[PDB]
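Visitor: I am attaching a structure below and will ask some questions about it afterwards.
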Amino acid sequence: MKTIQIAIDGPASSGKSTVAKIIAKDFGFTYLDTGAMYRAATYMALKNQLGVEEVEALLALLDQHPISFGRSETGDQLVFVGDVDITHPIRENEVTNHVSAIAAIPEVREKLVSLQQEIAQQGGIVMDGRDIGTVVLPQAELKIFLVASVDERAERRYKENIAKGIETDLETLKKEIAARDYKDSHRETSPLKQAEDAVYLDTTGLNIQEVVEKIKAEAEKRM
């Protein structure tokens, strides 16, 4: 087998983390999340006040940063950028706010993409994201496309908001998702439309284990 990448795409994917995780847990592939990639990039931005306004500089720099991931002794995927293992500084919300503002830049995404390839360069890595339709996929042995319905996902979110100690209304998520879902399904850049050879597989309100098997079978057989 040597080593091979495992990319997963979809409108939302209600089993990308678990699936991609379980897979690498058995095969031993390095797990990578498009989010962390942007986290490391945005992190440096705020670190050296490289606001989006500095696309030129931040661009050449983003590529200069020897970014990479690694599993912490305590089973914690840390983000390594600039030769500094940072897993805490790479928050979610704070990093998201800057990540969204940063990612907005075209030159940024392009460079950040090159990094994704640098990670899987050695081979044997499971990656999952939304902008993985025309970039790393083309060079990804195994590529799956988990599809779902706004209703299904929108529901899973409503609960997660409740169980967390809140009382978010469904009607709220339903609408909110309708706006984003559209804006995402009504653009041009990073057009999904199913990758070149993206394995189509929809799992609506279906068990998670059922998905892991589906992919596993596709990989084992392909091998």
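Lettering and numbering for the structure tokens are positional, with chains as A, B, ... in the shown order, residues counted from 1 in each chain, and ligands counted from 1 in the shown order.
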Excluding residue A:180 and its own-chain neighbours fewer than 6 positions away, which residues fall within 12 Å of it when counting only C-alpha atoms? Please give them as number ranges by chain.
Guide: A: 11-12, 150, 154, 173-174, 186-187
Visitor: Neighbours of residue A:67 within 8 Å (only C-alpha atoms; same-chain residues fewer than 4 positions away dropped), as a PDB file with C-alpha atoms, in the first residue's frame?
Guide:
```
ATOM      1  CA  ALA A  40      -2.077  28.229  11.117  1.00  0.00           C
ATOM      2  CA  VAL A  79      -0.826  22.515  14.466  1.00  0.00           C
ATOM      3  CA  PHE A  80       2.793  23.270  13.617  1.00  0.00           C
ATOM      4  CA  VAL A  81       3.659  26.514  11.844  1.00  0.00           C
ATOM      5  CA  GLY A  82       6.945  28.389  11.680  1.00  0.00           C
ATOM      6  CA  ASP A  83       8.630  25.572  13.603  1.00  0.00           C
ATOM      7  CA  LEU A 115       0.538  23.479   1.843  1.00  0.00           C
TER       8      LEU A 115
END
```
Visitor: For residue A:3, which residue among A:121, A:195, A:188, A:179 is the nearest when counting only C-alpha atoms?
Guide: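 Using only C-alpha atoms, the shortest distance to residue A:3 belongs to A:121.
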Visitor: Can you tell me, as a PyMOL selection string, which residues in stretch 26-195 of chain A count as helix (DSSP H, G or I) by DSSP?
Guide: chain A and resi 26-27+34-47+55-64+93-103+106-120+137-139+150-163+170-184
Visitor: Can you write out as JSON lines which residues of stretch 128-161 of chain A fall within 12 Å of stretch 196-199 of chain A, alongside each residue's closest atom pair and its distance in Å to one decimal, counting only C-alpha atoms and ordering rows by chain and ascending residue number?
Guide:
```
{"residue": "A:132", "atom": "CA", "partner": "A:198", "partner_atom": "CA", "distance": 10.2}
{"residue": "A:133", "atom": "CA", "partner": "A:196", "partner_atom": "CA", "distance": 8.1}
{"residue": "A:134", "atom": "CA", "partner": "A:196", "partner_atom": "CA", "distance": 8.2}
{"residue": "A:135", "atom": "CA", "partner": "A:196", "partner_atom": "CA", "distance": 10.7}
{"residue": "A:136", "atom": "CA", "partner": "A:196", "partner_atom": "CA", "distance": 11.4}
{"residue": "A:137", "atom": "CA", "partner": "A:198", "partner_atom": "CA", "distance": 8.1}
{"residue": "A:138", "atom": "CA", "partner": "A:196", "partner_atom": "CA", "distance": 7.3}
{"residue": "A:139", "atom": "CA", "partner": "A:196", "partner_atom": "CA", "distance": 10.7}
{"residue": "A:140", "atom": "CA", "partner": "A:197", "partner_atom": "CA", "distance": 9.8}
{"residue": "A:141", "atom": "CA", "partner": "A:197", "partner_atom": "CA", "distance": 9.7}
{"residue": "A:142", "atom": "CA", "partner": "A:198", "partner_atom": "CA", "distance": 8.4}
{"residue": "A:143", "atom": "CA", "partner": "A:198", "partner_atom": "CA", "distance": 5.2}
{"residue": "A:144", "atom": "CA", "partner": "A:199", "partner_atom": "CA", "distance": 4.5}
{"residue": "A:145", "atom": "CA", "partner": "A:199", "partner_atom": "CA", "distance": 5.4}
{"residue": "A:146", "atom": "CA", "partner": "A:199", "partner_atom": "CA", "distance": 8.2}
{"residue": "A:147", "atom": "CA", "partner": "A:199", "partner_atom": "CA", "distance": 10.3}
```
Visitor: Take the residues from that selection and put them in a file with N, CA, C and O atoms, as a short mmCIF file (atom, residue, chain, number, x, y, z; two decimals), in the first residue's frame.
Guide:
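Okay, part30.cif is ready:
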```
data_model
loop_
_atom_site.label_atom_id
_atom_site.label_comp_id
_atom_site.auth_asym_id
_atom_site.auth_seq_id
_atom_site.Cartn_x
_atom_site.Cartn_y
_atom_site.Cartn_z
N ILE A 132 -12.39 21.26 -1.16
CA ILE A 132 -11.53 20.20 -1.67
C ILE A 132 -12.13 19.55 -2.91
O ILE A 132 -12.25 18.33 -2.99
N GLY A 133 -12.51 20.38 -3.88
CA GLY A 133 -13.11 19.88 -5.10
C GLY A 133 -12.15 19.92 -6.28
O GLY A 133 -12.10 18.99 -7.08
N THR A 134 -11.39 21.01 -6.38
CA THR A 134 -10.43 21.16 -7.47
C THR A 134 -9.11 21.72 -6.96
O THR A 134 -8.81 22.90 -7.14
N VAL A 135 -8.32 20.86 -6.33
CA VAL A 135 -7.02 21.26 -5.80
C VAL A 135 -6.22 20.04 -5.34
O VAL A 135 -5.33 19.57 -6.05
N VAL A 136 -6.55 19.53 -4.16
CA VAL A 136 -5.86 18.37 -3.61
C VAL A 136 -6.50 17.07 -4.11
O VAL A 136 -5.83 16.04 -4.22
N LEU A 137 -7.80 17.12 -4.41
CA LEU A 137 -8.53 15.96 -4.89
C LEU A 137 -7.82 15.32 -6.08
O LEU A 137 -7.53 14.12 -6.07
N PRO A 138 -7.54 16.11 -7.13
CA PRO A 138 -6.87 15.62 -8.33
C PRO A 138 -5.67 14.73 -8.02
O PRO A 138 -5.32 13.85 -8.79
N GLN A 139 -5.04 14.98 -6.87
CA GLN A 139 -3.88 14.21 -6.46
C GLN A 139 -4.19 13.37 -5.22
O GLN A 139 -3.30 13.11 -4.40
N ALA A 140 -5.44 12.96 -5.08
CA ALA A 140 -5.86 12.15 -3.94
C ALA A 140 -6.35 10.78 -4.39
O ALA A 140 -7.36 10.67 -5.08
N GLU A 141 -5.62 9.74 -4.00
CA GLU A 141 -5.98 8.37 -4.36
C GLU A 141 -7.45 8.11 -4.09
O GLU A 141 -8.24 7.90 -5.02
N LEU A 142 -7.83 8.13 -2.82
CA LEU A 142 -9.21 7.89 -2.43
C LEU A 142 -9.94 9.21 -2.19
O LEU A 142 -9.50 10.04 -1.40
N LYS A 143 -11.06 9.40 -2.89
CA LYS A 143 -11.84 10.62 -2.76
C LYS A 143 -13.33 10.29 -2.63
O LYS A 143 -13.93 9.71 -3.53
N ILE A 144 -13.91 10.67 -1.50
CA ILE A 144 -15.33 10.41 -1.24
C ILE A 144 -16.12 11.71 -1.15
O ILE A 144 -15.59 12.75 -0.78
N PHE A 145 -17.40 11.64 -1.50
CA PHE A 145 -18.27 12.81 -1.46
C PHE A 145 -19.54 12.53 -0.66
O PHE A 145 -20.54 12.08 -1.21
N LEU A 146 -19.48 12.78 0.65
CA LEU A 146 -20.63 12.56 1.52
C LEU A 146 -21.66 13.67 1.36
O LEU A 146 -21.38 14.83 1.64
N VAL A 147 -22.85 13.30 0.90
CA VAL A 147 -23.92 14.27 0.70
C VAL A 147 -25.01 14.12 1.77
O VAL A 147 -25.20 13.05 2.33
#
```
Visitor: Find the spatial neighbours of residue A:213, counting only C-alpha atoms, within a cut-off of 12 Å - ignore same-chain residues fewer than 2 positions away - and output them as a VMD selection string.
Guide: chain A and resid 15 18 to 20 22 to 23 201 207 to 211 215 to 221
Visitor: Find the residues near residue A:130: any atom within 10 Å, counting only C-alpha atoms, skip ones fewer than 6 places away on the same chain, and give them as an MDAnalysis selection string.
Guide: chainID A and resid 8:13 33:35 184 190:192
Visitor: Selection from above, N, CA and C atoms, as a PDB file, in the first residue's frame, can you write it?
Guide:
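Result file out.pdb:
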```pdb
ATOM      1  N   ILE A   8     -12.247  13.913   1.474  1.00  0.00           N
ATOM      2  CA  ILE A   8     -13.694  13.812   1.555  1.00  0.00           C
ATOM      3  C   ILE A   8     -14.346  15.183   1.396  1.00  0.00           C
ATOM      4  N   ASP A   9     -15.337  15.266   0.515  1.00  0.00           N
ATOM      5  CA  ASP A   9     -16.036  16.521   0.269  1.00  0.00           C
ATOM      6  C   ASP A   9     -17.540  16.362   0.464  1.00  0.00           C
ATOM      7  N   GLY A  10     -18.273  17.451   0.262  1.00  0.00           N
ATOM      8  CA  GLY A  10     -19.715  17.418   0.419  1.00  0.00           C
ATOM      9  C   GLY A  10     -20.276  18.754   0.863  1.00  0.00           C
ATOM     10  N   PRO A  11     -21.594  18.954   0.724  1.00  0.00           N
ATOM     11  CA  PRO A  11     -22.251  20.204   1.119  1.00  0.00           C
ATOM     12  C   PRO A  11     -22.100  20.486   2.610  1.00  0.00           C
ATOM     13  N   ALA A  12     -21.971  19.422   3.397  1.00  0.00           N
ATOM     14  CA  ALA A  12     -21.818  19.553   4.840  1.00  0.00           C
ATOM     15  C   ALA A  12     -21.117  18.332   5.427  1.00  0.00           C
ATOM     16  N   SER A  13     -21.558  17.148   5.013  1.00  0.00           N
ATOM     17  CA  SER A  13     -20.973  15.903   5.496  1.00  0.00           C
ATOM     18  C   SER A  13     -21.273  15.698   6.977  1.00  0.00           C
ATOM     19  N   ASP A  33      -7.336  18.706   8.609  1.00  0.00           N
ATOM     20  CA  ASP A  33      -8.597  19.423   8.459  1.00  0.00           C
ATOM     21  C   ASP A  33      -8.366  20.795   7.833  1.00  0.00           C
ATOM     22  N   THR A  34      -9.098  21.085   6.762  1.00  0.00           N
ATOM     23  CA  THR A  34      -8.967  22.365   6.073  1.00  0.00           C
ATOM     24  C   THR A  34      -9.003  23.522   7.065  1.00  0.00           C
ATOM     25  N   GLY A  35      -9.722  23.330   8.167  1.00  0.00           N
ATOM     26  CA  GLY A  35      -9.818  24.367   9.177  1.00  0.00           C
ATOM     27  C   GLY A  35      -8.478  24.675   9.816  1.00  0.00           C
ATOM     28  N   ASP A 184     -23.447  29.290  -0.937  1.00  0.00           N
ATOM     29  CA  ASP A 184     -22.409  28.312  -1.242  1.00  0.00           C
ATOM     30  C   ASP A 184     -22.745  27.548  -2.518  1.00  0.00           C
ATOM     31  N   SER A 190     -14.233  27.585  -6.263  1.00  0.00           N
ATOM     32  CA  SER A 190     -14.320  26.336  -5.514  1.00  0.00           C
ATOM     33  C   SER A 190     -15.672  25.663  -5.731  1.00  0.00           C
ATOM     34  N   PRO A 191     -16.025  25.394  -6.996  1.00  0.00           N
ATOM     35  CA  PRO A 191     -17.293  24.752  -7.346  1.00  0.00           C
ATOM     36  C   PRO A 191     -17.262  23.245  -7.114  1.00  0.00           C
ATOM     37  N   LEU A 192     -18.135  22.767  -6.234  1.00  0.00           N
ATOM     38  CA  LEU A 192     -18.206  21.344  -5.924  1.00  0.00           C
ATOM     39  C   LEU A 192     -18.548  20.533  -7.173  1.00  0.00           C
TER      40      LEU A 192
END
```
Visitor: For a test of reading the model, state the distance in Å between atom CA of residue A:212 and atom CA of residue A:90, rounded to one decimal.
Guide: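 So the two atoms, atom CA of residue A:212 and atom CA of residue A:90, lie 28.2 Å apart.
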Visitor: Determine the nearest neighbour of residue A:105 from the options A:70, A:89, A:129, A:51, counting only C-alpha atoms.
Guide: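 Of A:70, A:89, A:129, A:51, the one nearest residue A:105 is A:51, counting only C-alpha atoms.
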Visitor: Rank A:32, A:102, A:1, A:223 by their smallest atom-to-atom distance to residue A:118, using only C-alpha atoms, and report the top residue only.
Guide: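 For residue A:118, the nearest of the candidates is A:32.
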Visitor: Name the residues of stretch 62-211 of chain A that come out as strand (DSSP E) in a backbone DSSP run; write them as a PyMOL selection string.
Guide: chain A and resi 68-72+76-81+84-86+125-128+142-147+199-202
Visitor: Just checking: using only C-alpha atoms, which residue out of A:21, A:126, A:131, A:62 ends up closest to residue A:193?
Guide: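 Of A:21, A:126, A:131, A:62, the one nearest residue A:193 is A:131, counting only C-alpha atoms.
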Visitor: Between A:166, A:24, A:206, A:36, which is the closest to residue A:96 once you count only C-alpha atoms?
Guide: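 Ranking A:166, A:24, A:206, A:36 by distance to residue A:96, first place goes to A:36.
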Visitor: Please measure the separation of atom CA of residue A:77 and atom CA of residue A:30, giving the value in Å to one decimal.
Guide: 9.5 Å
Visitor: Please indicate the distance in Å from atom CA of residue A:92 to atom CA of residue A:45, rounded to one decimal place.
Guide: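 If I compute the distance from atom CA of residue A:92 to atom CA of residue A:45, I get 15.1 Å.
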Visitor: Which residue is closest to residue A:37? Choose from A:59, A:69, A:152, A:7 and count only C-alpha atoms.
Guide: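 Among A:59, A:69, A:152, A:7, it is A:69 that comes nearest to residue A:37.
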